[PDB]
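As a basis for the values below, the full set of heavy atoms in this structure was taken, side chains included, without hydrogen atoms, waters or symmetry mates. All chains are named by letter (A, B, ...) in the order of the sequence lines, taking the proteins before the strands, and each is independently numbered beginning at 1.
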Amino acid sequence: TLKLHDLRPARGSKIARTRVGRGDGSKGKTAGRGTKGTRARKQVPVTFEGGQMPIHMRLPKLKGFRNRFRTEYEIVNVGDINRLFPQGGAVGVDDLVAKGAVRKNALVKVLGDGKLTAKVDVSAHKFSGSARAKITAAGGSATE
Amino acid sequence: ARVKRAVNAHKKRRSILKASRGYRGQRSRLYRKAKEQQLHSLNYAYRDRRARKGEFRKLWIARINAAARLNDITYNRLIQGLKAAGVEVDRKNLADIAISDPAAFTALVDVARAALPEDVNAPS
Amino acid sequence: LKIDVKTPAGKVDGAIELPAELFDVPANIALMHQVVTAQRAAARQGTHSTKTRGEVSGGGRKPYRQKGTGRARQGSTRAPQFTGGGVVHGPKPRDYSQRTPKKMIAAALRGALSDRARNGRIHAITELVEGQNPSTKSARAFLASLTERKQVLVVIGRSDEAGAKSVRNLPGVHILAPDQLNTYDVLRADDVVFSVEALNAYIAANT
Amino acid sequence: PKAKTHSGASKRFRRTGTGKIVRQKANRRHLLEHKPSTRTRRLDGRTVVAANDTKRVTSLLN
RNA sequence: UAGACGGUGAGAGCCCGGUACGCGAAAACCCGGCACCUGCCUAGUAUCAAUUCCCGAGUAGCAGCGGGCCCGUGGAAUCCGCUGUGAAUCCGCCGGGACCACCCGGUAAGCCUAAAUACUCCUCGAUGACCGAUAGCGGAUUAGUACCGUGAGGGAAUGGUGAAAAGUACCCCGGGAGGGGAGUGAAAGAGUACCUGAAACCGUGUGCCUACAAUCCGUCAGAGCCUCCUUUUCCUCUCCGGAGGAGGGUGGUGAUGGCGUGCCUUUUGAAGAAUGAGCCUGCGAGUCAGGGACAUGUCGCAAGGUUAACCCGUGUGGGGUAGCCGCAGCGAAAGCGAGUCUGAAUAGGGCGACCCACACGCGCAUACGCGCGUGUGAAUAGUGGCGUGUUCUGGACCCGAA
RNA sequence: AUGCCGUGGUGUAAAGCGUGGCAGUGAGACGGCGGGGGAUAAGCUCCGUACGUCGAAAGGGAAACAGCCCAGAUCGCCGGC
RNA sequence: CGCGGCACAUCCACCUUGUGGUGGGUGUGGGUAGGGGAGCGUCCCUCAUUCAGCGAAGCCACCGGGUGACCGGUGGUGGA
Ligand SMILES: [Mg+2]
Ligand SMILES: [Mg+2]
Ligand SMILES: [Mg+2]
Ligand SMILES: [Mg+2]
Ligand SMILES: [Mg+2]
Ligand SMILES: [Mg+2]
Ligand SMILES: [Mg+2]
Ligand SMILES: [Mg+2]
Ligand SMILES: [Mg+2]
Ligand SMILES: [Mg+2]
Ligand SMILES: [Mg+2]
Ligand SMILES: [Mg+2]
Ligand SMILES: [Mg+2]
Ligand SMILES: [Mg+2]
Ligand SMILES: [Mg+2]
Ligand SMILES: [Mg+2]
Ligand SMILES: [Mg+2]
Ligand SMILES: [Mg+2]
Ligand SMILES: [Mg+2]
Ligand SMILES: [Mg+2]
Ligand SMILES: [Mg+2]
Ligand SMILES: [Mg+2]
Ligand SMILES: [Mg+2]
Ligand SMILES: [Mg+2]
Ligand SMILES: [Mg+2]
Ligand SMILES: [Mg+2]
Ligand SMILES: [Mg+2]
Ligand SMILES: [Mg+2]
Ligand SMILES: [Mg+2]
Ligand SMILES: [Mg+2]
Ligand SMILES: [Mg+2]
Ligand SMILES: [Mg+2]
Ligand SMILES: [Mg+2]
Ligand SMILES: [Mg+2]
Ligand SMILES: [Mg+2]
Ligand SMILES: [Mg+2]
Ligand SMILES: [Mg+2]
Ligand SMILES: [Mg+2]
Ligand SMILES: [Mg+2]
Ligand SMILES: [Mg+2]
Ligand SMILES: [Mg+2]
Ligand SMILES: [Mg+2]
Ligand SMILES: [Mg+2]
Ligand SMILES: [Mg+2]
Ligand SMILES: [Mg+2]
Ligand SMILES: [Mg+2]
Ligand SMILES: [Mg+2]
Ligand SMILES: [Mg+2]
Ligand SMILES: [Mg+2]
Ligand SMILES: [Mg+2]
Ligand SMILES: [Mg+2]
Ligand SMILES: [Mg+2]
Ligand SMILES: [Mg+2]
Ligand SMILES: [Mg+2]
Ligand SMILES: [Mg+2]
Ligand SMILES: [Mg+2]
Ligand SMILES: [Mg+2]
Ligand SMILES: [Mg+2]
Ligand SMILES: [Mg+2]
Ligand SMILES: [Mg+2]
Ligand SMILES: [Mg+2]
Ligand SMILES: [Mg+2]
Ligand SMILES: [Mg+2]
Ligand SMILES: [Mg+2]
Ligand SMILES: [Mg+2]
């Protein structure tokens with residue numbers, strides 16, 4: 001019978017705690033600092049390179065603008081329609097969420113990477129150019 | 001959990017003060033001045049466990065040299081004479097024969113003298 | 001895998017089948033330890049506190065002049081190097097609770113009950129006392145005909161109030177509902193006694 | 001609370017698909033008459049941050 | 001249905017107060033039910049017409065200077081304040097980030113609205129991997145007292161006999177204070193200076209060394225005394241024991257010989273005539289919060305992992321899919337997508353994707369392979385807990401100014 | 001003359017290189033050699049040097065003596081060179 | 001250099017032929033700032049087990065022990 005005095009964690013899960021500043025036999029008086037300067041009593045910021053112009057102000061900005069109205073399509077490849085649906089049938093935006101190939105409540109989009117051999121009848125948003133070539137060659141149909 | 005320190009802290013204070021019984025002044029009475037003295041005593045001991053191997057050897061040579069010159073040989077030629085004769089008696093015992101049994105030290109001189117080169121200043 | 005249900009002052013009145021995916025799981029020791037630790041840490045009340053140098057009463061002014069005295073310069077009378085000063089890095093009120101996932105809690109529980117079912121330590125009863133008024137002397141005698149050990153877990157339903165009252169003040173008997181089974185209370189007890197209405201509720205809630 | 005990302009570094013760096021950090025190049029915003037076009041073409045595009053700045057740029061971008 | 005907690009001459013469910021569980025309210029107050037009482041309604045409704053009147057004024061709009069919004073006057077809308085100008089009542093008017101046109105939403109300048117939320121001087125009931133007299137409140141004790149300051153204000157120190165006071169009757173030295181003998185008690189090795197009674201510091205007794213020697217005060221070599229134990233042949237008082245002596249061995253001392261420049265911080269370098277410390281006991285410095293950030297150890301599940309607020313439970317347990325990270329990238333972006341941006345390019349490059357160690361058929365080639373079907377079933381991978389190292393925001397390792 | 005870059009042999013465990021976690025240091029001193037500033041003065045000042053020791057190195061020698069000569073303390077020994 | 005103890009690294013043979021021990025060569029082990037690894041001691045809580053008015057803790061003395069922080073035994077005082 002397992003009791004509570006038989007429970008012990010895995011080897012290496014729980015290491016001890018080096019308490020700094022407790023004697024010369026361990027990390028001693030200066031507690032891993034050694035200095036007499038700013039590093040001895042404070043924290044030097046990352047954004048400060050000594051007084052020269054830093055890396056976040058020498059360099060120019062990245063060009064352009066973010067689009068405020070960018071629609072984003074979640075992506076399923078037709079090489080995963082073959083692997084997840086190996087007997088064909090109707091493929092929809094709702095059947096791809098349950099099979100784990102795409103997220104909820106987003107606009108799906110079938111791309112064309114991989115090998116498709118099943119006769120699938122897929123109904124997505126905004127098919128690719130090479131997706132329509134690989135689905136109709138297997139006898140299927142690609143409807144919006 | 002607030003921890004009092006005195007049961008832990010007295011363990012090393014009773015070890016220094018028992019190691020310091022026999023020190024005059026404040027060095028048997030006070031923990032701060034008797035820990036300083038234990039740092040020097042255990043260095044002087046380490047320094048002198050290694051130095052007393054060359055103090056007793058410095059005492060044995062002074063007695064081998066003292067008992068060589070009663071048998072009109074020097075220490076300089078007694079040790080040359082005992083390597084050519086193949087006697088590997090160390091200097092602890094070669095200086096203990098000279099006190100305990102002085103008639104067996106004259107015989108070791110006669111072996112060291114006879115097994116020595118005839119002209120000691122000649123090129124070998 | 002098969003458990004015979006016992007009656008008070010009587011004999012067997014059936015058999016309850018323990019399913020294998022719920023009572024025959026290999027015991028993961030390094031998983032039961034994280035779930036026990038995450039339960040006892042959620043029982044720390046955490047109410048412990050001290051005062052820092054800005055909450056100890058007084059200590060606003062600089063106490064005397066800095067130069068010319070030959071004393072050290074001291075800043076405030078409630079500094080932590082003083083007697084009566086604030087505590088530096090002292091305890092504050094904490095919430096020592098952890099966030100163990102659901103699939104690790106419910107797997108350490110099944111591992112704890114599997115090690116009971118594998119050693120012949122799971123029992124099943126129809127009730128504890130046959131009547132409706134409680135009686136400890138009859139419920140103590142019936143838990144001694146089952147087991148002879150010191151720590152007994154009794155898992156009975158929430159609606160059976162007449163049997164919960166019979167085993168409240170016994171030394172070494174812990175009482176909980178079927179929907180309150182946890183790893184610490186199962187591993188503490190040498191023996192685990194399910195009511196037959198309570199054993200069919202733990203199984204049915206886990207298919 | 002919650003860590004704030006440096007607003008000047010999030011406008012001057014970005015990440016690729018495998019975790020490299022890219023940036024643009026200086027000496028190209030103005031004074032462009034005397035510069036031969038083999039120099040303003042060397043300053044075109046984007047480069048990977050050097051291996052000696054890649055630690056500090058990471059702690060700004062996170 | 002009582003094994004919660006405490007008290008009693010030491011660990012009490014069965015000795016006491018109580019606990020589980022039940023009963024109990026003259027009167028006063030609060031809550032609720034019903035009467036009395038108080039108030040409202042008992043004339044409009046439906047259809048048609050589209051001419052008229054009304055739909056909150058020094059208000060909205062506009063302009064000047066400001067305030068606040070992610071928005072620091074900017075192309076600057078929405079909202080609010082002062083000055084000037086100053087409308088219209090539905091074909092009216094405001095808003096949808098300058099503005100115009102169409103369209104969609106809405107009726108400003110009058111007022112009142114419970115619940116969800118914030119807090120605890122104070123009242124009851126509970127609790128603590130919180131403190132236990134330098135701690136916990138400043139305050140267990142005359143405590144905001146004594147004391148300091150003209151004032152506003154500052155602001156302490158002090159707990160423990162014993163189970164029971166049984167608190168030492170009586171005699172003795174003494175002016176008393178205090179003690180000795182008796183007596184109490186299990187114990188005065190508990191005596192109102194009181195449980196345990198450490199260290200600094202101060203005496204008394206005793207063993208050894210010390211008054212011709214220049215000493216970081218110790219260390220190694222080392223004689224002589226002193227003490228206490230025992231092989232060893234006597235004393236055979238002899239059964240003994242030590243009576244003594246020779247020998248060995250513990251503990252104390254240390255004549256005398258060598259070596260030896262205190263601890264700490266700071267420094268190129270200190271025994272330093274650089275800095276800090278009179279001594280002892282007590283206290284006094286990398287802590288904690290966050291689904292934070294980067295990296296790693298380990299555990300769970302795995303193309304998935306995980307919930308947050310909240311709801312339900314005597315709990316640490318059971319529900320909860322909103323969200324987050326992974327799932328395909330490139331580009332300033334529209335976009336296109338195993339590719340994509342630059343370009344006139346089927347040029348080259350940037351970023352990204354892409355497995356022959358193995359048999360096959362196979363256009364071919366000395367071979368290895370270039371290519372393609374299928375396994376020999378190429379080896380992948382993320383996420384969420386918990387440890388640790390760093391780091392960010394906060395007082396952030398502690399102490400210290402003018 | 002040395003020093004430097006390349007290459008082929010031979011020798012050498014704790015050499016090197018890439019990529020991440022955590023650093024500390026960024027006031028040096030003296031002696032050898034080669035030079036500038038100084039009066040070829042300085043325990044002067046500023047350089048160079050797969051040069052040294054100190055820093056951070058105790059032990060032995062130089063009477064004493066961070067830096068000079070010999071030599072790198074794992075611990076024990078009343079052993080030898 | 002000789003003779004014994006300890007530790008680290010690597011090599012070479014075994015055992016569950018690395019989750020690790022045993023055995024044998026060779027090499028190594030001064031050290032500040034600092035990095036990494038492995039531990040002693042004190043206090044609180046849970047689980048198990050065992051001592052305690054036939055004397056616990058705390059204290060003092062003595063005799064021992066371990067590679068270090070330190071630990072054990074006997075006795076004295078003490079009273080949970
Ligand atoms: Mg120190
Ligand atoms: Mg520094
Ligand atoms: Mg400095
Ligand atoms: Mg300092
Ligand atoms: Mg400047
Ligand atoms: Mg002495
Ligand atoms: Mg020697
Ligand atoms: Mg204040
Ligand atoms: Mg101040
Ligand atoms: Mg306080
Ligand atoms: Mg939960
Ligand atoms: Mg431009
Ligand atoms: Mg040009
Ligand atoms: Mg009790
Ligand atoms: Mg009683
Ligand atoms: Mg403004
Ligand atoms: Mg608009
Ligand atoms: Mg209105
Ligand atoms: Mg209106
Ligand atoms: Mg209102
Ligand atoms: Mg309200
Ligand atoms: Mg309340
Ligand atoms: Mg209260
Ligand atoms: Mg107090
Ligand atoms: Mg006390
Ligand atoms: Mg007054
Ligand atoms: Mg008297
Ligand atoms: Mg008396
Ligand atoms: Mg008596
Ligand atoms: Mg007593
Ligand atoms: Mg007193
Ligand atoms: Mg007393
Ligand atoms: Mg004399
Ligand atoms: Mg002299
Ligand atoms: Mg001397
Ligand atoms: Mg100086
Ligand atoms: Mg001094
Ligand atoms: Mg002096
Ligand atoms: Mg100074
Ligand atoms: Mg001083
Ligand atoms: Mg992008
Ligand atoms: Mg171009
Ligand atoms: Mg390309
Ligand atoms: Mg993982
Ligand atoms: Mg590195
Ligand atoms: Mg500098
Ligand atoms: Mg410099
Ligand atoms: Mg220099
Ligand atoms: Mg010169
Ligand atoms: Mg100089
Ligand atoms: Mg230094
Ligand atoms: Mg030296
Ligand atoms: Mg060196
Ligand atoms: Mg020297
Ligand atoms: Mg000398
Ligand atoms: Mg010689
Ligand atoms: Mg060495
Ligand atoms: Mg070392
Ligand atoms: Mg160090
Ligand atoms: Mg007694
Ligand atoms: Mg006794
Ligand atoms: Mg205790
Ligand atoms: Mg002891
Ligand atoms: Mg004892
Ligand atoms: Mg005792």
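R63(B) places a side-chain heavy atom less than 4.5 Å from the side chain of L59(B). By the 4.5 Å heavy-atom criterion applied to side chains, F85(A) and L96(A) are counted as neighbours. Proximity of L94(B) to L82(B): side-chain heavy atoms (C-beta onward) are separated by under 4.5 Å at one or more points.
With its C1'-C2'-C3'-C4' torsion above zero, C54(F) shows a north sugar pucker. Pucker assignment for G245(E) gives north. The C1'-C2'-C3'-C4' angle has a positive sign.
Using atom P as the reference point in both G20(G) and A38(G), the two lie 12 Å apart (nearest Å). Going from the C1' atom of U10(F) to that of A23(F) covers 41 Å, rounded to whole Å. Here, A359(E) and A379(E) have their P atoms 16 Å apart, quoted to the whole Å. Comparing the same atom, P, in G75(G) and in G55(G) gives a spacing of 10 Å after rounding to whole Å. Across the P atoms, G32(E) and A46(E) are found 41 Å apart, a figure rounded to whole Å. A distance of about 11 Å separates the P atoms of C59(G) and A198(E), rounded to the whole Å. For the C1' atom pair drawn from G180(E) and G174(E), the interatomic distance equals 12 Å after rounding to whole Å.
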Listed pairs, N/O of protein and of nucleotides 64-72 of chain G, under 3.5 Å:
unit_1, atom_1, unit_2, atom_2, d
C71(G), OP1, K11(B), NZ, 2.6

I'd like a list of close polar pairs between nucleotides 275-283 of chain E and the protein, N/O only, cut-off under 3.5 Å.
unit_1, atom_1, unit_2, atom_2, d
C279(E), OP1, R32(B), NH1, 2.7
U281(E), OP1, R13(B), NH1, 3.1
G282(E), OP1, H10(B), NE2, 3.3
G282(E), OP2, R13(B), NH1, 2.8
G282(E), OP2, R13(B), NH2, 3.3
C283(E), OP2, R5(B), NE, 2.9
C283(E), OP2, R5(B), NH2, 2.9
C283(E), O5', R5(B), NH2, 3.4

What nitrogen or oxygen pairs link the protein and nucleotides 297-301 of chain E at under 3.5 Å?
unit_1, atom_1, unit_2, atom_2, d
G297(E), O2', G12(A), O, 2.6
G297(E), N2, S13(A), O, 2.9
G300(E), OP1, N28(C), ND2, 2.8

Under 3.5 Å, side-chain donor or acceptor atoms of residues 11-23 of chain D against the rest of the protein: list the pairs with distances, not counting sequence neighbours.
unit_1, atom_1, unit_2, atom_2, d
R12(D), NE, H56(A), O, 3.4
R12(D), NE, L59(A), O, 2.9
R12(D), NH1, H56(A), O, 3.3
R12(D), NH1, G8(D), O, 3.1
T16(D), OG1, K20(D), N, 3.3
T16(D), OG1, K20(D), O, 3.4

I'd like a table of donor-acceptor pairs (distance under 3.5 Å, sequence neighbours excluded) in which one partner is a side-chain atom from residues 67-90 of chain C, with atom names and distances.
unit_1, atom_1, unit_2, atom_2, d
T69(C), OG1, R71(C), N, 3.2
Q74(C), OE1, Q81(C), NE2, 2.9
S76(C), OG, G59(C), O, 2.7
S76(C), OG, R78(C), N, 3.4
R78(C), NE, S57(C), O, 2.9
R78(C), NH2, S57(C), O, 3.2

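If you check every strand for non-hydrogen atoms under 4.0 Å, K53(B) touches a base.
In this view, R57(B) satisfies the side-chain hydrogen bond (donor to acceptor under 3.5 Å, both in side chains) rule with no residue, not counting sequence neighbours. When the side-chain hydrogen bond (donor to acceptor under 3.5 Å, both in side chains) test is applied to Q37(B), the partners found at least two apart in sequence or on another chain are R27(B). Taking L170(C) as the reference, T136(C), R140(C), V167(C), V173(C) meet the side chain to side chain contact (heavy atoms under 4.5 Å, CB included) condition, with sequence neighbours excluded.
Judged by ring centres closer than 5.5 Å and planes tilted by less than 30°, the bases of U376(E) and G377(E) are not stacked on each other.
A heavy atom closer than 4.0 Å to some atom of RNA chain F occurs in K55(D), these being the qualifying members of residues 48-62 of chain D. Of the residues in residues 24-42 of chain A, those with a non-hydrogen atom less than 4.0 angstrom from any atom of RNA chain F are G32(A), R33(A), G34(A), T35(A).
In this structure, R14(B) does not reach the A61(G) phosphate: none of its side-chain N or O atoms is under 4.0 Å from OP1 or OP2. When the side-chain nitrogen and oxygen atoms of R103(A) are compared with OP1 and OP2 of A303(E), none of them lie within a distance under 4.0 Å. The shortest distance between the side-chain N/O atoms of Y46(B) and the OP1/OP2 oxygens of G59(F) is not below 4.0 Å. One finds no side-chain N or O of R47(B) lying less than 4.0 angstrom from the OP1 or OP2 phosphate oxygen of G218(E).
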Report task. Give the B/S/- string for nucleotides 313-322 of chain E, one per nucleotide from 5' to 3', where a protein heavy atom under 4.0 Å of the base yields B, of only the sugar-phosphate yields S, and otherwise -. Result -> BBBBBS-BB-
Report summary line: Scoring nucleotides 332-339 of chain E by protein non-hydrogen atoms under 4.0 Å (B base, S sugar-phosphate only, - none) yields BSSB-BB-
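A donor-acceptor contact under 3.5 angstrom links the side chains of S130(A) and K134(A), judged on distance only. A donor-acceptor pair shorter than 3.5 Å cannot be found between the side chains of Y31(B) and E36(B). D90(B) and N93(B) share a donor-acceptor pair across their side chains, judged by distance under 3.5 Å alone. Defined by atom type and a distance below 3.5 Å, a donor-acceptor pair is missing between the side-chain atoms of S10(D) and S7(D).
Checking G218(E), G153(E), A48(G) against the side-chain heavy atoms of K3(A) singles out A48(G) as nearest. Considering only side-chain atoms of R44(C), the nucleotide from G218(E), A129(E), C386(E) that sits closest is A129(E).
For the side chain to side chain contact (heavy atoms under 4.5 Å, CB included) test with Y202(C), the passing option among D179(C), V155(C), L113(C) is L113(C); the others fail.
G224(E) and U253(E) make up a base pair, with Watson-Crick or G-U wobble contacts both under 3.5 Å. Across all strands shown, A353(E) remains unpaired; no Watson-Crick or G-U wobble contact has both distances below 3.5 Å. Of the nucleotides present, none pairs with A60(E) by Watson-Crick or G-U wobble criteria with both distances under 3.5 Å.
Remark: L30(B) CG to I16(B) CD1 distance equals 13.5 Å, nearest 0.5 Å.
Annotation: of the two residues near RNA chain F, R49(B) and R57(B), the 5′-most nearest-nucleotide partner is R49(B).
Note on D44(D) versus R41(D): no salt bridge recorded, every NZ/NE/NH1/NH2 to OD/OE distance being 4.0 Å or above.
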